[PDB]
Amino acid sequence: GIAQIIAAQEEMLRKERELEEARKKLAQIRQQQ
Amino acid sequence: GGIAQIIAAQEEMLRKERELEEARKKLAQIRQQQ
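Line by line, the protein sequences give chains B and A.
So the number in the authors' numbering is just where the residue sits in the first sequence, counting from 1, plus 2496.
So the number in the authors' numbering is just where the residue sits in the second sequence, counting from 1, plus 2495.
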């Protein structure tokens, strides 16, 4: 039920943060040159 | 060399976009079960 939704939401949040870190790393490299 | 760092970083970002879309799909899927 809700606990499955919560865990799914938690995974999405984790992926959003990982994507944002990936996005920042690419921006840094594009600035380092 | 410089292009390679860019490409590698771009590939990681693509992977993370795909993983996020798959997380987004799983959420919707459970919400569709209810």
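Ideal placement from N, C-alpha and C gives every residue a C-beta, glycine not left out.
In terms of alpha-carbon separation, which member of the options lies closest to residue i?
i	options	result
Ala2503/A	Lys2511/B, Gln2528/B, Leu2522/B	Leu2522/B
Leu2509/B	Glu2514/A, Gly2497/A, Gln2528/A, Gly2496/A	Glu2514/A
Taking 8 Å as the CB-CB limit, is residue i close to chain A?
i	result
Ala2504/B	yes
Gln2500/B	yes
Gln2529/B	yes
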